Structure formats: C-alpha cells, structure tokens
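We begin with a single chain expressed as structure tokens, specifically the form deposited in one PDB entry.
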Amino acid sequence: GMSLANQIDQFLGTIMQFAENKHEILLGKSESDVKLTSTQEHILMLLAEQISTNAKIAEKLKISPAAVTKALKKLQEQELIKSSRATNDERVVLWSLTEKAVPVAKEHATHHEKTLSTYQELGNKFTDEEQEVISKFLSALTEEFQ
C-alpha cells in the first residue's frame, strides 16, 4: 500500500500523459510543434557526424532503403540536406547538412544526450545488484506490451 501493481499502473499513466502528441520520449525539451519525424531528425544527427550515402544511412539507423528514401525526400524538400557526387564514383550520391540544419541536428542531439544522462544518473544511484533487479523487471514488463 500502495501496492506495486497500483504503482506500476500509475507510472504508466504518467508516461502516457507525457508521451501524448510526441514522436519520441525526450527530456529537457520544451513543448513545440512537431516539425520532423524521428527518422528525419536522426538522419540529420548522422549527417552532422559524417557525410553519408543512402546505404550508410540505412545501415546506421537500421531501417530500410524505402524508409531512407522517404525521409531524405522530405529533408531535401525542406532544404535541410543537400546531395553531392562521390569523387571516387560518379554513381554514388552523398548527403550532407545545409547550414539551416546545423542547429536542428545539434538541438536534437542535445535532447538525446540530456535524456540518456538523466537515466544514467538515476541508474547510478543503484548498485549493480539493484540494477539487475530493475533490468529484469523492465524486461518482463516490456513483454506485456508486445
């Protein structure tokens, strides 16, 4: 009392509320208009790190060529990325950020960093043995929502 079952129920309620109208669960971020899909945001983060081919994007983000094609089309339309030709091979297209996209990618990277660091700091309050309990709990609970 409160029972753990009820605590779990209430926790999931909290998460549902926070998640409403969002593409991703991210902390330290102000409410705003959803401009880009998560895949689009993640392509921009990848390109901030390395100019990349369609193939490399699919590989890194673990998504299909169709998904990559769709996201790139939208990003290019919004003038957030630009294509170029690989000097080694005339057939190979590379993608890079436009200046417009630089702060967009930086902002999204920051949101992920803040979110992960928040979870890390929380986890750091628990010993390995306790983290194992939490991990087993999360794994089991995850199975219920498949």
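The term rigid core refers to the most C-alpha atoms you can superpose between the two forms while keeping them within 1.5 Å. Numbers for residues come from their place in the sequence shown, where the first is 1.
Just so you know, the form deposited in another entry exists too; it's not on screen, but the next bit is about it.
Annotation: the position in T87, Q50, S64, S83 displaced by at least 2 Å at CA between this form and the one not shown, with the core superposed, corresponds to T87. Taking 2 Å as the criterion, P103 does not count as shifted between this form and the one not shown: its C-alpha moves by less than this amount when the rigid core is aligned. In the core-superposed comparison between this form and the one not shown, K29 has its Cα shifted by at least 2 Å. Between this form and the other one, the CA-CA gap for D89 and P65 widens by 3 Å or more, being larger in that other deposited form. In that other deposited form, the CA atoms of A55 and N88 move apart by 3 angstroms or more relative to this form.
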